[PDB]
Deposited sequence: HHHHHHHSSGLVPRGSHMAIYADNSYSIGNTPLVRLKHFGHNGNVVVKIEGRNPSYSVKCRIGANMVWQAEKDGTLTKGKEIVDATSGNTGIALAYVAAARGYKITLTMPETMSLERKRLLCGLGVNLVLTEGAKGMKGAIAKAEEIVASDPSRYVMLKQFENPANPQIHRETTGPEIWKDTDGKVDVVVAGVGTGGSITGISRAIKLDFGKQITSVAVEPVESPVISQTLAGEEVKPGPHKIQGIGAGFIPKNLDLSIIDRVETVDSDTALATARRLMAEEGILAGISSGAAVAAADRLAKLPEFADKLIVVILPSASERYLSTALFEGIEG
């Protein structure tokens, strides 16, 4: 068991049962912080590159370009690990204290000052425009290799570690890749009718609004990694059974409680996911149900944020 490079060691993350959440241990968490670049995105950093290699769009010479932060760091280490140049477009602004980290992974950040994603995606596209032959944009929000990896690793890990007893999957949605791949695995590959729960911010509940056929109005929020403010292609609505919304403050406080009461070094959206699972878990409906929660990242990515 020796990996040729850091990308092949993705996954195999543990399930830890919570003591201060849910009811008689029906809430268990999957620590995705325990991945090569320390978030769940390590899995898609690996597989998006591998697939691009496999179908010929990524080759020796061509530079990976994209806009993103956990996904940036994931692509950063895979680029380094497999020998690719990489440009990651990013604003000047929020989700910072991460520059020298990405800089430390040898990424060249397109120092893009209207500070937001379009400003980057414009520069991403413009860079992408400049020379199609030299650049490849892996497009996490829609690239099928994103959900595919969760279908093949994240989901099967959950099935095996519970021995087919998972009844519920709770996961924040950024790309939707995580919940989509997981659900497909458990429901379609293993054939078990579980409840898949997408989590999103109450500040920007675009999935809740869409399914209700209500006006889609997104907004700013503090739960880094989720709440994109649109329905991403890698989000398969068809497998989603329920959508829970959680506010930034409660999410942050849930993350702090995860540290102090559970000794689990969780990131902000990990708190969002737990707060929603705790709510579900305290419904008699879910009393005899095993609830599995994805904890996307880890506390030290958040030192300079409201979490601390």
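Q. Do you know which deposited regions have no coordinates at all?
A. Holes in the chain trace, numbered from 1: 1 to 18, 87, 133, 329 to 333.
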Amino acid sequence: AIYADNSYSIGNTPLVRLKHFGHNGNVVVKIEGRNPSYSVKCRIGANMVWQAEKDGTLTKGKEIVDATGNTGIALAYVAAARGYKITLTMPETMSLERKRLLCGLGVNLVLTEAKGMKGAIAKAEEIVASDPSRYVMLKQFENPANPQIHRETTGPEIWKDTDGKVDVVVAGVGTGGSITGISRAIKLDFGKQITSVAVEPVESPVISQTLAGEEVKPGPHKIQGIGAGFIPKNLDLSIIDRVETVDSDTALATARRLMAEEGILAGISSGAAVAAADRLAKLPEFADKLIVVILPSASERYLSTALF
From here on, numbers count along this sequence of modelled residues.
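Here the rigid core means the biggest group of C-alpha atoms that line up within 1.5 Å when the two forms are laid on top of each other.
Q: Just give me the stretch that moves more in 4 other deposited structures of this protein: 222 to 230 or 99 to 107, judged by RMS C-alpha distance after a core fit.
A: This comes out as 99 to 107, the stretch further from the shown form in 4 other deposited structures of this protein.
Q. C-alpha RMS from this form in 4 other deposited structures of this protein, rigid core superposed: larger for 205 to 213 or 82 to 90?
A. It is 82 to 90 that deviates more in 4 other deposited structures of this protein.
Q.
Mean Cα B factor from the PDB record: higher for 207 to 215, or higher for 171 to 179?
A. Higher mean C-alpha B-factor: 207 to 215.
Q.
So, looking at the entry's B-factor column for Cα atoms, which has the higher mean, 46 to 54 or 268 to 276?
A. Comparing 46 to 54 with 268 to 276, the higher average CA B-factor belongs to 46 to 54.
Q: Sort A67, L252, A281, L258 by C-alpha B-factor from the entry and give me just the highest.
A: Within the set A67, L252, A281, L258, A67 shows the top C-alpha B-factor.
**Q.** Peak C-alpha temperature factor (PDB record), options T93, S196, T154, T71
**A.** The record points to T93.
Q) If you rank every modelled residue in this chain by C-alpha B factor, which third holds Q140: lowest, middle or highest? A) Bottom third by C-alpha B-factor.
Q) Mind checking which third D247 falls in for C-alpha B-factor across the chain? A) Answer is lowest: the recorded C-alpha B-factor places it there.
Q: For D236, return the chain-relative third of its C-alpha B-factor as stated in the PDB record: lowest, middle or highest.
A: For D236, whose C-alpha B-factor we compare with every modelled residue in the chain, the answer is the lowest third.
**Q.** Modelled-residue ranking by C-alpha temperature factor, third containing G83
**A.** Lowest third, going by the recorded CA B-factors of the chain.
Q: Name the third of the chain's ranked CA B-factors that contains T162, choosing lowest, middle or highest.
A: Within its chain, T162 is a middle-third residue by C-alpha B-factor, going by the deposited values.
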